Amino acid sequence: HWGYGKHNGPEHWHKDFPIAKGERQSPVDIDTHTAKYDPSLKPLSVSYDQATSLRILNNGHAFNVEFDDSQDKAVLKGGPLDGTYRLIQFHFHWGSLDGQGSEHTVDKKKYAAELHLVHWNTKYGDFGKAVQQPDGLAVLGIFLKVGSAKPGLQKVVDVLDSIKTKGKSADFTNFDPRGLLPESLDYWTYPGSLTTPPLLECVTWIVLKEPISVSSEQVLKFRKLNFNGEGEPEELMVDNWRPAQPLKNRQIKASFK
Ligand SMILES: [Zn+2]
């Protein structure tokens with residue numbers, strides 16, 4: 001039932017998901033002047049050479065590229081994390097307008113879009129057990145700005161016409177998520193939550209400082225997707241982002257001096 005519209009959108013999620021007013025909700029604004037360098041953060045390790053994408057799907061809120069997480073084929077390690085986190089899916093949030101779209105902000109600056117690579121902690125049995133624990137998920141967040149085209153994104157963009165509406169899916173093999181990374185993996189990290197219902201506070205957030213650059217042509221294809229199912233009145237899939245939430249007692253740690 002929840003969405004991003006006037007009445008089912010983020011400002012009303014708390015009616016059905018009371019955790020929405022919890023102590024470590026995401027996203028948050030990253031105040032660069034308050035986020036301290038932490039020299040105990042170990043280097044961020046990403047092992048994606050054996051990543052096995054399976055399918056792409058429009059679930060009515062975003063589109064998800066799903067991966068085989070049955071073994072350590074595509075794992076995140078290091079940084080603030082203890083243990084091994086398996087990539088399960090990635091998706092985007094974007095705006096109707098280049099000036100908005102990102103979930104996290106940096107000194108209140110909004111980016112045009114935000115990519116989330118979602119991983120879960122093999123400490124737990126599976127995704128379902130991991131989401132129920134404060135140390136269960138690690139989400140790598142990567143800002144998008146409008147500029148030159150992102151070649152590693154073109155394979156995703158080139159299949160969006162086949163998943164225009166909610167419920168549609170398609171096979172989507174051999175996608176290399178490495179092609180979505182920026183040059184620097186300098187990042188900020190803090191403990192937080194899912195940014196969509198059920199909004200569980202199970203996420204170690206790792207937000208990269210350097211955005212990737214995508215083309216107008218590429219984001220205009222994002223904005224052509226539909227929230228609605230085929231045959232229902234069109235609602236364009238745009239502004240599917242949750243705004244910054246209160247930071248409360250939390251500190252953002254920076255990985256760079
Ligand atoms: Zn997300």
Side-chain angles (χ1 to χ4, degrees), residues 2-5 7-17 19-21 25-30 56-65 89-118 139-147 149-150 153 156-157 159-161 163-168 180 192-200 203 205 207-208 211-247:
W2 65 273
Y4 293 91
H7 301 279
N8 66 2
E11 96 195 287
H12 301 122
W13 286 348
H14 67 94
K15 299 176 196 182
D16 305 324
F17 297 88
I19 199 79
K21 295 282 152 295
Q25 289 291 289
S26 303
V28 300
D29 178 64
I30 301 155
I56 189 163
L57 143 153
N58 172 339
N59 61 27
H61 310 291
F63 61 87
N64 290 359
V65 172
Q89 56 101 338
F90 69 75
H91 55 276
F92 300 78
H93 310 260
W94 61 92
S96 54
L97 254 173
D98 294 353
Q100 66 207 52
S102 73
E103 293 212 306
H104 296 94
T105 64
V106 184
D107 301 321
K108 323 177 319 151
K109 185 224 177 81
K110 289 167 161 97
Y111 286 90
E114 196 172 322
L115 157 68
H116 289 154
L117 299 117
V118 178
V139 185
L140 178 55
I142 301 175
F143 297 113
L144 276 68
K145 74 197 221 265
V146 179
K150 195 69 176 170
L153 180 59
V156 164
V157 149
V159 304
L160 288 173
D161 287 340
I163 59 156
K164 188 179 174 197
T165 49
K166 165 176 172 136
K168 297 212 118 52
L180 299 173
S193 78
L194 311 175
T195 69
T196 50
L199 302 166
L200 295 164
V203 176
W205 274 101
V207 178
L208 298 191
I212 63 163
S213 163
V214 301
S215 70
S216 193
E217 287 90 348
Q218 277 170 334
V219 287
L220 280 290
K221 220 97 52 184
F222 284 21
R223 300 189 180 127
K224 268 326 314 193
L225 289 156
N226 286 354
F227 279 137
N228 48 283
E230 168 184 37
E232 291 137 67
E234 212 183 31
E235 332 159 53
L236 297 163
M237 199 182 264
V238 298
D239 294 318
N240 56 347
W241 47 279
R242 189 188 193 192
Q245 298 301 301
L247 191 61

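In this chain, residues are counted from 1 in sequence order.
In this structure, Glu232 and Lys166 have side chains that are not in contact, with every pair of non-hydrogen atoms separated by 4.5 Å or more. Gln100 has its side chain within reach of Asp239: a pair of non-hydrogen atoms, C-beta onward, lies under 4.5 Å apart. Side-chain contact check for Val207 versus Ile30: some heavy-atom pair is nearer than 4.5 Å. When side chains are defined from C-beta on, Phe222 does not count as touching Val214, because their heavy atoms never get closer than 4.5 Å. Side-chain contact between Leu220 and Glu217 is absent, with no heavy atoms from C-beta onward closer than 4.5 Å.
Remark: the backbone N or O of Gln218 is paired with a side-chain donor or acceptor of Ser215 at under 3.5 angstrom. Listed for the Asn240 side chain is a donor-acceptor partner under 3.5 Å among the backbone atoms of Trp94. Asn58 places a side-chain N or O within 3.5 Å of a backbone atom of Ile163 that can act as its donor or acceptor partner. The backbone N or O of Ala62 lies less than 3.5 Å from a partner atom in the side chain of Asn59, making a donor-acceptor pair. A distance-only check finds no donor-acceptor pair linking the side chain of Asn64 to the backbone of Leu57 [under 3.5 Å].
Just one of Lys109, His93, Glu114 meets the side chain to side chain donor-acceptor pair (under 3.5 Å) condition when paired with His104; it is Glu114.
Ionic pairing of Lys164 and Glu234 is present here: one or more N-O contacts between side-chain nitrogen and carboxylate oxygen are shorter than 4.0 angstrom. Ion pairing between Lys168 and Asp161 fails under the 4.0 Å rule for side-chain N and carboxylate O.
Closest of all the heavy-atom pairs between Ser213 and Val146 is OG-C, 4.4 Å. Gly192 and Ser26 make their closest contact through CA-OG, 3.3 Å (heavy atoms, listed as atom of the first residue, atom of the second, distance). Of all non-hydrogen atoms in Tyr4 and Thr196, the two that sit nearest each other are OH-CG2, 3.1 Å. Across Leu199 and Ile19, no two heavy atoms sit closer than the pair O-CG2, 3.5 Å. For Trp205 against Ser193, the heavy-atom pair with the smallest separation is NE1-O, 3.0 Å. Taking each heavy atom of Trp13 and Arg242 in turn, the nearest pair found is CZ3-CD, 3.7 Å.
If you take CG on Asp29 and NZ on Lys108, they are separated by 8.5 Å, rounding to the nearest 0.5 Å. Within the model, atoms OH of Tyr111 and OG1 of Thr105 stand 10.0 Å from one another, a figure rounded to the nearest 0.5 Å. Taken to the nearest 0.5 Å, the CG atom of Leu200 stands 5.5 Å off from the CG atom of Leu194. The CG atom of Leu117 sits 5.0 Å away from atom CG of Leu140, with the distance rounded to the nearest 0.5 Å. Here the CG atom belonging to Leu225 is positioned 5.0 Å from the CG atom belonging to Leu160, to the nearest 0.5 angstrom. With rounding to the nearest 0.5 angstrom, the CD atom of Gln89 is 11.0 Å from the CD1 atom of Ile56.
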Residues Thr195, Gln245; criterion side chain to side chain contact (heavy atoms under 4.5 Å, CB included); working and verdict = CA-CA 10 Å; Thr195 69; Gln245 298 301 301; over 6 Å; no

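Between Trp2 and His61, the angle of the ring planes stays under 30°, which puts this pair in the parallel group of the 30/60° scheme.
The number of heavy atoms from other shown groups lying within 6.0 Å of NZ (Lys150) is above 12.
No side-chain donor from either of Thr165 and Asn226 sits under 3.5 Å from a side-chain acceptor of the other.
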